[PDB]
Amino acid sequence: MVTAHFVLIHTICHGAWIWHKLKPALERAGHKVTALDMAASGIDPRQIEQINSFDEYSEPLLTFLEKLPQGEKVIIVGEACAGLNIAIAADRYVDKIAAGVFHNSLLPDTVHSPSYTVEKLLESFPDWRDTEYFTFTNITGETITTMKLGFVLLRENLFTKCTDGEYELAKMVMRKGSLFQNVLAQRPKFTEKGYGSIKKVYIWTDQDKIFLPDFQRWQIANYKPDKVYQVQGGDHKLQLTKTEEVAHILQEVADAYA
């Protein structure tokens, strides 16, 4: 049983709180767990209008990795859009990373633009139902779109099978967020030597009602992970609906990549 240090990264609009059931499950097995709020997410004091790119949004992860003591390596687990924070972080700190785990997540590649899987997601799931959109101009003049996720979308598409206490928690702490899609479209592609070299484990469920089966299967086909684990049932938030299954897969990842 290898014991590992996992860094859990929530998706846009959410915060470290979505890992509140998975963090103690992992700790029951002796793992070290760090759950971070990205900029303007969870209780991070910055507002989304001051964040200018997805790399800036990743700052809490990059600062953490910047400070990781020499010779320590982590397994970064990212849910939904956090696959982009894993790719950004892996290009900067490749040697600090034992493996990246994508949990019903975007799986960026090295061959297309950084926005490519965001484009495919939006093609697959174009209607975000009652989500509201806003814009602001970032410091270099680009128009950034933010969203405030709609509660029907939260109930039916993200937290489909979650407990009412979990769905209510989500409405009480959800924040605005942004794909920074147009800034990712202008971003240099992820490198082979950094992100391209990381070990990559893809966890998913075909009962996900927002990262739909055909988009997740397109992703796997588009850039084959080292391992794909498919959990039966649950929903998009497997760290809430299938917490022990996810904890079990991550023990297999710690065993395989330490």
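One rule holds for the numbers: they count along the sequence shown, beginning at 1.
Checked against the record, the higher mean CA B factor of 151 to 159 and 67 to 75 lies with 67 to 75. Remark: stretch with higher mean C-alpha B factor among 9 to 17 and 246 to 254 is 246 to 254. In the deposited coordinates, the residue among 41, 58, 222, 52 with the greatest CA B-factor is 222. Note on 113, 138, 85, 145: the highest value goes to 113, judged by CA B factor as recorded. Split the chain's modelled residues into thirds by C-alpha temperature factor. Residue 200 is in the highest one.
Among the modelled residues of its chain, residue 45 has a C-alpha B-factor that falls in the lowest third, as given in the PDB entry. When all modelled residues of the chain are sorted by CA temperature factor, residue 36 is found within the lowest third. In the deposited entry, the Cα temperature factor of residue 91 sits in the bottom third of values across the chain's modelled residues.
In the PDB entry, a CA B factor belonging to the lowest third of its chain's modelled residues is recorded for residue 166.
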